[PDB]
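Chain by chain, the residues run as shown.
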Amino acid sequence: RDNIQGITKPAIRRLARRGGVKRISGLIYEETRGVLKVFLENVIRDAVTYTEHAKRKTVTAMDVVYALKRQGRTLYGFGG
Amino acid sequence: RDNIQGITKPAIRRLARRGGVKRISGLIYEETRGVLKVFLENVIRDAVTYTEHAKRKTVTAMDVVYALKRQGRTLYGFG
Amino acid sequence: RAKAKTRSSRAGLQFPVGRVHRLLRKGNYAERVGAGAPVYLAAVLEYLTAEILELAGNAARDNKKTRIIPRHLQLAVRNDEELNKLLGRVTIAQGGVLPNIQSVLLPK
Amino acid sequence: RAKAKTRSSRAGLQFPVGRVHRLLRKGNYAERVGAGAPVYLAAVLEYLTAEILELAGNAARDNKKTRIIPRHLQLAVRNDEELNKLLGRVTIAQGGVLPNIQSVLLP
Amino acid sequence: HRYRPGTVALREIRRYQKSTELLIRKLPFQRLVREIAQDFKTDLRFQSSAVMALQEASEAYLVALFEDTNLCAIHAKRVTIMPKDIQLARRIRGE
Amino acid sequence: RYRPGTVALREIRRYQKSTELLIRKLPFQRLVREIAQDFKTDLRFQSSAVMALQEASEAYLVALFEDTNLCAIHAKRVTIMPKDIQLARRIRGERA
Amino acid sequence: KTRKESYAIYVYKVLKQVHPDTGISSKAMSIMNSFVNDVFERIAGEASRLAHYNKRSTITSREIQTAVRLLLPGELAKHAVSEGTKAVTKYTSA
Amino acid sequence: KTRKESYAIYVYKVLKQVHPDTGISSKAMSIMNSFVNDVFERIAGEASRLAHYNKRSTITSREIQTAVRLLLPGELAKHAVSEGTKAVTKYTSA
């Protein structure tokens, strides 16, 4: 399952456009995919640890929010 | 009292040399002095608040340590 | 027995003093909680909420809308220096980004 | 009565288990503290202390010195990836900096 | 008729800074999240809110990183962002 | 005579090997007292407090100068410029 | 069903006090609730640390005031402090 | 002339276990004591937060283990966990 290619080049281009980037090099996409994979790996590992400590089997939104707060990226909108 | 000028050009040069800087422009000393003044103002304000809450007139090292820690700058070796 | 009146009504607030006191007691914060701490905390929370809601309502009115959406909250937070500093490391869902473009990229 | 044996000796540790238990109970962390938590905490603390002390002693030995000074502690911390990550926002007094010169500025 | 290069880019910059939607398709991101979580636990279920929160956090992080990368690229008297800018921004930020 | 860049490299090697403070203690103490005079009057400072402030300030400045050197090298330069300091501070989130 | 306490009605009352003719959506309500919880937790934690530093075992209004002055930046803090006093004194009068 | 508890003797015992012929200065002792205090506070706070999240009033070995796994990075954490487990097992045996 090579789903890291699901983050298509137009999606990364749109994300850069929201950030104010006017011209994008052709090698940006692979680096962006790697960075996204690393960030997701860290957050998901923390969330899975939180879920496993609770003896559950579903990763709830509270676990993701707590993991993001642990990394220092407090997210408003989901849970409390 | 213009003691902000007490941080001399050779001192800033030594600080830059410790950081690996090879060549230094002559227009960065004022910027470094301003940055140092801002950082000191923030830390000392927090330390003075901590001292005032304790009803004291002496700024102990523990107050400075707490002020540094609350800004994510934990310091080891003073308590 | 005299008719019961809430502590928040006594202090002239809108936030619950009793709920804040219960949260402070059950939150494992300190062994004892003073009687004036919940009032202070409720007043501070109400003031902050009123400020941010006023800014968001101003933004929504400037956008010709009669309902507050997370975009308005994001605009209100980011347009105020003190609120931006307070919420510097906070992400608001469905907030977007502040519209700006570097002067270098603009054509001459 | 039976002779008093410290909980640290029973678990084979050197860090105090009773002191850690008292700090946990008096530290306002939770309403109740289990009987096995202080042992786990003391074991973790002892392991971390042994790791950092061994690294600092190795640095001092490689520096051809006997005692341990804060410079050796800084050298031990900054040269280990996991320890550097753990103490990422920690400043050690009289520790200096790791020798690092960029290759661009090299002649 | 054909717009000169850089015009549609500025139009897209203005358009995507006014909207608040998600710029990554939901199904590919959900599949990626499930595949990543497969390496930690087996037979894991995901709430929709968890996937949405992950998507929002990832999008915000990438937007901030791209802003910093654009600043780095402009600093070097350039307009095109390159992987060196991303690496420098990540190094300075402490990652 | 030594060509430029040699004594600078020698100083870089020397100051990266020592652990001593690089700012004179009395001027720094005077500056700290001047800054603290604004928040309160007739304040007393322990020597340990001033030492801790000096150590924290020196470490912060050294880290900032390392980031500034990286920024300057990125722009294909050797000379540190104020714009590099400003960019490093903006990216780190201090002046942002 | 188990009741879920939240800062929903109070935020709406404050909004009606400020903007009598403006509503608020569910997502904005959740964001407001999260913001209130986060600020409450930050202030309470700072107050607890302040109480522990001085070897005292009681959270009073002075600890909350110092925590507010430490956390809230600039003019905001000052205003907040005033509001706090403007409440406590009133609570003493009754 | 009051008692001031510190992690001075235990650090010296560990050092003598690791390096029997190496001494330690006072500044290094202060740094080690501060490091021990900081790590203890971090782990205890994370365990308390974990216990509060799951509506539990007790801090047990599971909470400490999960806090160690969350905080300590890399193989370090794993090794630490092993040590702790062994200790608990020994404390159960006697």
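Each value, and the rule that gives it
Residues numbered from 1 in each chain as written, not as in the entry; some residues may be left out. Chains lettered and ligands numbered in written order. Part of a larger assembly, values for the part shown. Heavy atoms only, no water. Helix = DSSP H or I, 4+ residues; strand = E, 2+ residues; numbered from the N terminus. Rg over C-alpha atoms; globule rule 2.2 N^0.38 Å. Contact = heavy atoms within 4.5 Å. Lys, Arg positive; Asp, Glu negative; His and termini not counted. Charge placed at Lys NZ, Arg CZ, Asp CG, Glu CD. Expected span 1.5 Å × (residues − 1). Buried < 20%, exposed > 50% of the residue type's maximum accessible area, 1.4 Å probe, protein only. Arc of directions from axis to C-beta. Core = buried A, V, L, I, M, F, W, Y, C linked by side-chain atoms within 4.5 Å. Buried area = accessible area lost by both parts, 1.4 Å probe. Polar contact = N/O pair within 3.5 Å; in protein donor to acceptor, adjacent residues only side chain to side chain. Pairing = 2+ DSSP bridges. Salt bridge = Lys/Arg side-chain N within 4 Å of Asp/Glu carboxyl O.

Method information in the entry identifies cryo-EM as the source of the structure, with 3.16 Å recorded as the resolution.

*Asks:* Mind showing me how you'd approach the overall build of chain E here?
*Replies:* When you go through chain E residue by residue, the secondary structure sums to four helices and two strands. Helices (α) and strands (β) of chain E occur, in sequence order from the N terminus, as α-α-β-α-β-α. For 95 residues, the compact-globule formula gives about 12 Å, and the C-alpha radius of gyration of chain E, at 17 Å, lies well above that figure. With the C-alpha coordinates of chain E rotated into their principal frame, the extents come out at 50 × 40 × 20 Å. Look at the contacts in chain E between residues 6 or more apart in sequence, and 46% of them connect residues 24 or more apart. Seen as two clouds, the 18 positive and the 11 negative side-chain charges of chain E have centres 7 Å apart.

*Asks:* So what exactly am I meant to see when it comes to helix 4 (residues 75-93) of chain H here?
*Replies:* The terminal C-alpha atoms of helix 4 of chain H, which comprises 19 residues, lie 27 Å apart, in line with the 27 Å expected from a rise of 1.5 Å per residue. The complete set of buried residues in helix 4 of chain H reads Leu76(H), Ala77(H), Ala80(H), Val81(H), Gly84(H) and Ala87(H). Summarising the axial view, the buried residues of helix 4 of chain H lie within an arc of 130°, below the 170-degree limit, and thus occupy one face. Facing away from the buried side of helix 4 of chain H by over 90 degrees, the exposed positions are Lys78(H), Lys86(H), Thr92(H) and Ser93(H). Looking at the buried residues of helix 4 of chain H, the elements they touch are helix 1 (7-11), helix 3 (37-62) and helix 5 (81-86) of chain D together with helix 3 (61-71) of chain H.

*Asks:* Please clarify how the nonpolar core should be interpreted in this entry.
*Replies:* The tendency in soluble globular proteins is for nonpolar side chains to be buried as a group. In this structure, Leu40(A), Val64(A), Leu40(B) and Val64(B) are the most contacted members of the largest nonpolar core, which totals 119 residues. Beyond its immediate sequence surroundings of up to four residues, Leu40(A) is in contact with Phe29(E), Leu32(E), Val33(E), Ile36(E), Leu54(E) and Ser58(E). Judged by nonpolar contacts, the second largest core, of 61 residues, contains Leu24(D), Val90(D), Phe40(H) and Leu72(H).

*Asks:* Looking at this structure, I do not really get the interface of chain D and chain H. What am I missing?
*Replies:* The figure often quoted for interface size is the accessible area lost as the parts come together. Contacts between the two partners involve 52 residues from chain D, matched on the other side by 54 residues from chain H. Carbon and sulfur atoms supply 73% of the area buried between chain D and chain H, which totals about 5,000 Å² over both sides. When the buried surface of chain D facing chain H is broken down by residue, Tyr29(D), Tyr40(D) and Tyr47(D) rank first, second and third, together holding 16% of it. Our count for the contact surface shared by chain D and chain H stands at 13 residue pairs in polar contact. Elements supplying a minimum of two residues to the side of chain D that touches chain H: helix 1, helix 2 (17-26), strand 1 (32-33), helix 3, helix 4 (70-78), helix 5 and strand 2 (90-92) of chain D. It is helix 3 of chain D that contributes the most residues to the side of chain D that touches chain H, 18 residues altogether. Relative to strand 1 (residues 58-59) of chain H, strand 1 of chain D runs parallel, the two sharing two bridges. By the bridge assignment for strand 1 of chain H, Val33(D) is matched with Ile59(H).

*Asks:* Looking at this model, I keep getting lost on the pattern of salt bridges. Mind explaining?
*Replies:* What the rule picks out here adds up to 26 salt bridges over all chains. Salt-bridge contacts for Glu12(E) lead to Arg17(A); the nearest nitrogen and oxygen are separated by 3.9 Å. Taken together, the positions of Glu12(E) in helix 1 (residues 7-16) and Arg17(A) in helix 1 (residues 9-18) put the pair across two chains. Accessibility assignment for this pair places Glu12(E) and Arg17(A) in one class, buried. A salt bridge links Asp63(B) to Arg56(B); the shortest N-O distance between them is 2.5 Å. Sharing partners across several salt bridges, the network here consists of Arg91(E), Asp67(F), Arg89(F), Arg92(F) and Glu94(F).

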